[PDB]
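Coming up is one lone chain in structure tokens, specifically the form deposited in one PDB entry.
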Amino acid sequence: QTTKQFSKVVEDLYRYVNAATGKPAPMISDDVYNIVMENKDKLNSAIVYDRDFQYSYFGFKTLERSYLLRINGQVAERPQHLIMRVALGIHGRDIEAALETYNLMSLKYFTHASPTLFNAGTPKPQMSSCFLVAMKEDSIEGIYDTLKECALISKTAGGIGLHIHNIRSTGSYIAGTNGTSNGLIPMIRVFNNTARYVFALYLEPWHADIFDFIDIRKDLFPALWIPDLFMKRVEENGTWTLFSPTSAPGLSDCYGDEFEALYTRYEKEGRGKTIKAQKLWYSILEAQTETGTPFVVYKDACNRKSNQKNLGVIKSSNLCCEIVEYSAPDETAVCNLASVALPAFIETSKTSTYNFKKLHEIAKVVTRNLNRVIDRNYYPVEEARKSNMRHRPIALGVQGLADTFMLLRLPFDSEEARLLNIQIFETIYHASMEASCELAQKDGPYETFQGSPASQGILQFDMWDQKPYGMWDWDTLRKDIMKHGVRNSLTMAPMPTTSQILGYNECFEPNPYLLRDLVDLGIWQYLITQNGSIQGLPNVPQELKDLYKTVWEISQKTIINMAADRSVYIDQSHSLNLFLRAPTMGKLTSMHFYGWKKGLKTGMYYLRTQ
């Protein structure tokens, strides 16, 4: 039902005309069309079409419905065509690199984020996953400049984090009108309507519109950017002060002890309205219980622990709370994502082993890829191009961590899983910093490298004051970095995940593996009825009950521990979903404080409840 020869499919996509209007509407960039034609025989023959059968039914259907390019509503592209299109869009004239990427992706060692699959090699190749936007100014002009920026970004793929800390709250004076402002909520309604026409919102809990903000969902997502001081006041059952940004300037522009001093001074001066810390705390947990939101990200852990700290104060994260990157009125941070497929590295050796050397190597390939994406990307707005070109941050993720544990017969909560978790992330961090250091030797370091923690030999685990696990040699890597720099300000931000296309469990959270096991025990409607849980089931061995636990069945304390463990290797943050069976204000509270005290940057992304 589809043309086989790749160059021919490229021809059709390139020559496409919209019949209804008579308008030529090429679906491939000139740049990539030319490259294919000059490389025709090399490219057509490199492709192995049997690999289209490496997809699950769910996997292929996802690709078919969305990703495979279509002509007149008919799918033109085979999966292998998409992969090669993507490889070429990323690598351009470097055919050797394109073929390597083609092979590794086609054999499913790694994949690239959705926007890359959609747009790579097309005329508006917008390959990036999200954008972190700063509210430009607290004025109608700045608000409408920001709104326009967001409309333009919305024309492309990708989500938007937007921090609003600087907008004056309800009842704040307006010199112009001698009137008072109606605050954040009606401004948010403007942004929501613009999103519909063509979104994660970030706010610090001292903002005087906070109680309304967190109730937004009772589609924009509220996320709290939480200073440590708030959590201390809550713990101690103390007071908390709400300020309009205009009566307490600069709070979002400092963190840690500098913030606490400035904040405490503003409290003393009677610049705001004082309440009981736990009053707001209670409202937050109430909103989370009912809506899944607000998200929780710890502003102080994010800033103290960022290799971008030399740029200034980081004011937000993104929709999925994995991205921690600097943003300002003239700079919109960009998310460039790809994920390694963790099970691809499992090897027989009767026992199964994990090949860390090969994971290291694939992680280095993806790192180089994401750097090419930065350079070949189509930027929807100038703020985003400026940001990416200056600090060149990337975000490597993973998928199939759960799958990996299961294939290797490791219960998620086991000592063996705990160790593998740590090893996998040390490897990927080391690999990506090694590849990035190599690129710095070739192309130079990123523009802002000098004065960064990494230039001083401080890597991520150093900022957690921990020693690395030591599977790789960090001292040599660190010597090289201090000498040559790295090409990327940041490297890792394991994300939500593309994971359904590769047929693996969405990462990084906890069934063909279970099924194969029931087959081998001959047992072969419970799971439907009991929702995929095998505990409390009479005929199944303890070993399967231990291996096959459901995320509702796994201790959130273990999830939080494992996240704390891998976080020493993570430049950015990562999405922590939390699952509560029988949600209680007390249990939620302790989940938050536990993650907080572990030093987590992202305390919670979504709260999923029974």
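So that the term is clear: the rigid core is the largest set of C-alpha atoms that superpose within 1.5 Å between two forms. Residue numbers run from 1 along the displayed sequence.
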{"query": "Core-fitted comparison in 9 other deposited structures of this protein, 252 to 260 vs 530 to 538, farther C-alphas", "finding": "530 to 538"}
{"query": "Which of 170 to 178 and 397 to 405 lies farther from this form in 9 other deposited structures of this protein, as RMS of C-alpha positions after a rigid core fit", "finding": "170 to 178"}
{"query": "Deposited residues omitted from coordinates between residue 497 and residue 498, as a class", "finding": "1 to 3"}
{"query": "Chain break class for residue 198 to residue 199, judged by how many deposited residues have no coordinates", "finding": "10 or more"}
{"query": "Given 454 to 462 and 174 to 182, the range whose Cα B-factors average higher in the PDB entry", "finding": "174 to 182"}
{"query": "Higher-scoring stretch by recorded Cα B factor average, 26 to 34 or 65 to 73", "finding": "65 to 73"}
{"query": "Per the PDB entry, maximal CA B factor within 115, 380, 503, 142", "finding": "503"}
{"query": "Per the PDB entry, maximal CA B factor within 535, 264, 371, 252", "finding": "535"}
{"query": "B-factor third for the C-alpha atom of residue 587 within its chain", "finding": "highest"}
{"query": "Residue 300, C-alpha B-factor rank within chain (lowest, middle or highest third)", "finding": "lowest"}
{"query": "Cα B factor band for residue 148 (lowest, middle or highest third within the chain)", "finding": "lowest"}
{"query": "Entry-reported Cα temperature factor of residue 330, expressed as the chain third it lands in", "finding": "lowest"}
{"query": "Ranked C-alpha temperature factor of residue 526 among modelled chain residues, by third", "finding": "highest"}
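One more form of this protein, deposited with a partner chain bound, exists but is not displayed; see below.
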| property | result |
| --- | --- |
| Exercise: residue 235 in contact with the partner chain in the entry with it bound, heavy atom 4.5 Å | yes |
| Exercise: residue 556 in contact with the partner chain in the entry with it bound, heavy atom 4.5 Å | yes |
| Touches the partner chain in the entry with it bound: residue 244 (any heavy atom, 4.5 Å) | no |
| Contact of residue 591 with the partner chain in the entry with it bound (heavy atom, 4.5 Å) | yes |
| Among the candidates 460, 278, 505, 308, the residue which, in the entry with it bound, approaches the partner chain to within 4.5 Å (heavy atoms) | 278 |
| Contact assignment for the partner chain in the entry with it bound, among 63, 36, 560, 47, heavy atom within 4.5 Å | 560 |
| Location of the partner chain contact in the entry with it bound, chosen stretch of 466 to 474, 278 to 286, 361 to 369, 259 to 267 [non-hydrogen atom, 4.5 Å] | 278 to 286 |
